[PDB]
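Residue strings, one per chain:
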Amino acid sequence: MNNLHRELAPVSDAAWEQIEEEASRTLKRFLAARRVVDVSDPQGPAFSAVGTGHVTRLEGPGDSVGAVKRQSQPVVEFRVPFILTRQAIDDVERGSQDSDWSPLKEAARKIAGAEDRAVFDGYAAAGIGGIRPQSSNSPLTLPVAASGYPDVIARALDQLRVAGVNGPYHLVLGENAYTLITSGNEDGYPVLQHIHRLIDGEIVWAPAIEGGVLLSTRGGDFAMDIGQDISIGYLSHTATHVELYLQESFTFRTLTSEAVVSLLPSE
Amino acid sequence: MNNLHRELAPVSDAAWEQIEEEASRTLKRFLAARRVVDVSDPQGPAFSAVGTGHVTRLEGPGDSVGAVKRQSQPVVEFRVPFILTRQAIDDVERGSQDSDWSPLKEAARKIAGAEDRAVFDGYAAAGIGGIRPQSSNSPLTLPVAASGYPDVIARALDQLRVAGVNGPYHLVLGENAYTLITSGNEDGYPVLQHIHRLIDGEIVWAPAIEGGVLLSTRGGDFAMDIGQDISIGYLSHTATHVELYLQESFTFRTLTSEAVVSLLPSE
Amino acid sequence: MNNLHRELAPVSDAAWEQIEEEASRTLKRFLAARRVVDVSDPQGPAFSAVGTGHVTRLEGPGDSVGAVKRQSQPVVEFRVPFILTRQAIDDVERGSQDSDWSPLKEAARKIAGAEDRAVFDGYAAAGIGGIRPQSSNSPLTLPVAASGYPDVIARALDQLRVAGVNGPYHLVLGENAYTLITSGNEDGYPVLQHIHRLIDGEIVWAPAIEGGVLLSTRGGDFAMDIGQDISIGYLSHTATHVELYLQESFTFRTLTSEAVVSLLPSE
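Residues numbered from 1 in each chain as written, not as in the entry; some residues may be left out. Chains lettered and ligands numbered in written order. Part of a larger assembly, values for the part shown. Heavy atoms only, no water.

A. Representation of the packing of helix α4 (residues 149-163) of chain A against helix α6 (residues 191-198) of chain A. All names here are of chain A. Relative orientation of the contacting elements α4 and α6 amounts to 10°, with a least axis distance of 9 Å. Our classification of the angle between α4 and α6 gives roughly parallel. Side by side, α4 and α6 meet where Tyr-149, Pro-150, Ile-153, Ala-154 and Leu-157 of the first sit next to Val-191, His-194, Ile-195 and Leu-198 of the second. The residue inventory of the contact of α4 with α6, partitioned by class, reads 8 nonpolar, 1 polar and no charged. (Axes fitted to C-alpha atoms, helices over the stretch in contact; angles between N-to-C directions. Helix = DSSP H or I, 4+ residues; strand = E, 2+ residues; numbered from the N terminus. Parallel < 35°, antiparallel > 145°, perpendicular 65-115°, else oblique. Contact = heavy atoms within 4.5 Å. Nonpolar A, V, L, I, M, F, W, Y, C, P; charged D, E, K, R; others polar.)

Right under this line is the structure:
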């Protein structure tokens, strides 16, 4: 028995299995940063901080004794609660195949968006700098028309090459940029084909962010330390409802600031 | 001996084999919904209903006894009769290779169209909601010109992604939409190539429906329960004719309403 | 873990065992229809309907396509709640042998009476016709005095024989009829001996119904389809009480209406 008091929830095994399957599907659909950043294996519930290797000079304890304090980044925990009606839970065992998991899907969307925004744009309260605001390269603005995308991608790739970064290059685009680049052109220009000739993979769809980002996936530039992966826990239940939550525990660090170019949304 | 009183029909074995081959060919050509929906193995002649897992509160039998009634969807049977002239049947054994099976082909077309319309647009009398009218996403209107098809397909794909549905994405188009998208453009735009870059398969041709539909084929969203597959039975014969019928037995349910976007015919 | 959230109940194993033993004893004492009707093995929580084999003509889907809908009888669920004081539950482990299970016995009586009344007199809301109202034979009125019982039993047996039904013949009597026929006569007439010479078993005592019924137990005339047998589930608990319920899931059909004669209470 762990802190996720699952056995105390009035939820049958079949309902638990269906809920877990739905949560996994929605999370894989909505999670974007994990596709481009180095994600470690879960460290456990006792994982609290990651040391940065740097020190801070302190006032000495006394006679000719010098003191330095080690620096570390703390781990932040995200929790999003949702409520189920207990009727879907009871119907799963009766044989229902269309039980309503909309609150679970909304909670998954919220937690995935929070994680993606923390990784990309940063979360000041948790001490997470963010991939984009912590970039030493000059940001590039995306064009209104999809025809100008190859030029901007080429300039960003040139920025990476001049900075000296190697390895495969991947771009993550927001919802608007992704739909604009996938809709196509009215002049018959194979802009998608040119983009795929330039890039080293598939465009990553990120509903949580705006604009985009081009980054190298050689490894060792963006570290996501995971203590607890996204899991489902139980809070309380009523005669007609059950309250659950989605919880994750992680920290993120940007080690190389030259391996990333941030693309700003079109104006 | 079963309810299809085949042995009572004045039809030779060679004629039966040719008729079955023609019916199978025409049915595979005309059946479209089975390519995109989950089709189960036949359940048998005694398959009458499929339970939905839900209940309805009833007035109690008496002193402090509560009652709920289980809900199920009944199975509907489709039968289409046709007439053969007995001259083709007699000529098959004499060696004919061009016997007239036009009534059989027309009956196959009718029954396939009825099944496809029930699955896609719904059949109220049998309790079948239908794929398109039971969609929670906003329907999209197809453009008059094939050049605008990639944009509409991209918007529908974005709707699926925002709803959180995963898996391969397939589009089914009516006859007009299919012929318009396959005829091409007068500006040399590779619209078919762009469409095939966006989609996860081949466009499904559906002569029975108008407009189109984009849906995910991950599995578990559209259930077709089959009790009796399409089979040939005998009714009566005259000195110069034999009356047969094509019969099927099925029910259909749409379990996930967010995994489908309906495309409306161009105006 | 199933829909009967037993493990969430603050009830020890010894208390659970005693409660189950008491419930089984009281249910075997009070259940009467199961002694004379064909009872199937439990079908499971997903059992929702039983097909009758009949069809209903529908309005056609379109051009020369005929449609029929299969007919089925839904399964009804009965639930009766009761409350225990938690003091008996705590005392069972302390060694109590006279714990108060009166609410459980009352709930068992209520649910058994509801089931028996649904089987014999019918339950319109659940679609259960009932054994007695769905009888094609002419009902017979019981006499006020036990001396006239053999004559009525003989007439009912003659009705069965003329209808052509075979097999053992059993009579189920209400509480008043049973006590009247067992009290005896003041003239020394062995009416019970004559009744047992006529009948093919022991008189079934039915506290839930009035009058009586004479029916053949050859098999295949009265079908009780059981999805979930009577079981104990947990709802909620207080600091001084625990709320449980008795739940069953079944449907009943009378297939042969000539194998039953209904005896009406004496006037």
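B. Structural context of the interface of chain A and chain C. Contact residues are listed per partner, giving 12 residues for chain A and 9 residues for chain C. Carbon and sulfur atoms make up 43% of the surface buried where chain A meets chain C, a total of about 920 Å² over both sides. Its salt-bridge partner being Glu77(C), residue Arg94(A) comes within 3.7 Å of it at the nearest N-O pair. Ranked by the residues each element gives to the side of chain A that touches chain C, the list is headed by helix α2 (residues 87-94) of chain A, at 4 residues. For the side of chain A that touches chain C, a count of residues per class yields 5 nonpolar, 1 polar and 6 charged. (Buried area = accessible area lost by both parts, 1.4 Å probe. Salt bridge = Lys/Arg side-chain N within 4 Å of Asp/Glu carboxyl O.)

C. Local environment of the pattern of salt bridges. The full count for this structure, using the stated rule, is 43 salt bridges over all chains. Ionic pairing is found between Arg6(C) and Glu20(C), a salt bridge with its closest N-O pair at 2.7 Å. Of this pair, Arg6(C) sits in the segment before α1 (13-30) while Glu20(C) sits in helix α1, placing them 14 residues apart in sequence. Under the relative-accessibility criterion, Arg6(C) is labelled partly exposed at 25%. Look at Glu20(C) and you get partly exposed, because its relative accessible area is 30%. Salt bridges sharing common partners tie together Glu21(A), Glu22(A), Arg25(A), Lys105(A) and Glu258(B). (Buried < 20%, exposed > 50% of the residue type's maximum accessible area, 1.4 Å probe, protein only.)

D. Structural context of the interface of chain C and chain B. If you look at the interface, chain C gives 33 residues, while chain B gives 33 residues. With both sides pooled, the region where chain C packs onto chain B buries about 2700 Å², and carbon together with sulfur makes up 51% of that total. The largest share of the area that chain C buries against chain B comes from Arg70(C), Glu77(C) and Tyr123(C), three residues that together contribute 24% of it. Along the contact surface separating chain C from chain B lie 2 salt bridges. The salt bridge involving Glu77(B) is made with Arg70(C); its shortest N-O contact spans 2.6 Å. Viewed at the interface, chain B and chain C are joined by 18 residue pairs in polar contact. Of all the secondary-structure elements, those providing two or more residues to the side of chain C that touches chain B are β2 (49-62), β3 (65-74), β4 (76-84) and α3 (102-120) of chain C. The element contributing the most residues to the side of chain C that touches chain B is β3(C), with 9 residues. For the side of chain C that touches chain B, a count of residues per class yields 19 nonpolar, 7 polar and 7 charged. (Polar contact = N/O pair within 3.5 Å; in protein donor to acceptor, adjacent residues only side chain to side chain.)

E. Quick look at the sheet that holds strand β11 (residues 260-264) of chain C. Residue and element names in this part refer to chain C. Strand order in this open sheet of 5 strands is β5-β11-β8-β6-β7, and the pairing throughout is mixed. Two strands close off the open sheet at either side, each with one partner strand: β5 (140-141) and β7 (204-205). As defined by bridge partners, strand β6 (residues 169-173) adjoins strand β8 (residues 212-216) across 5 bridges and the pair is classed as antiparallel. Bridge assignment links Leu-173 to a residue of β8, and that residue is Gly-212. Together, β5, β6, β8 and β11 form the strand contacts of helix α4 (residues 149-163), whose direction differs from that of β11 by roughly 155°. Relative to β6, helix α5 (residues 175-183) is tilted by about 110°, and along the sheet it contacts β6 and β7. (Pairing = 2+ DSSP bridges.)

F. Summary view of the relation of the copies chain A and chain C. Aligned on chain C, chain A shows an RMSD of 0.0 Å; the corresponding rotation is 120° and the shift along the axis is 0.0 Å. Given the turn and translation reported, the copies of this chain are related as if by a three-fold rotation axis. Minimal C-alpha separation from the rotation axis in chain A is found for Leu8(A), amounting to 3.9 Å. The two copies present different faces, since only 8% of the interface residues in chain A are matched by interface residues at the equivalent positions in chain C. (Least-squares fit on C-alpha atoms.)

G. Examining unusual backbone geometry more closely. All names here are of chain A. Within the chain, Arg-86 stands out as a residue other than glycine whose phi angle is a positive 70°. Position of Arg-86 relative to the elements: it lies in the loop between β4 (76-84) and α2. For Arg-86, a relative accessible area of 13% puts it in the buried group.

H. The arrangement of the relation of the copies chain C and chain B in detail. The two copies are related by a screw motion: chain C maps onto chain B through a turn of 180° and a shift of 0.0 Å along the axis, at an RMSD of 0.0 Å. On this basis, the relationship between the two copies can be described by a two-fold rotation axis. Taking the C-alpha atom as reference, chain C places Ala49(C) closest to the rotation axis, 3.5 Å from it. Most of the interface of chain C is mirrored in chain B: 100% of its interface residues are interface residues there too.

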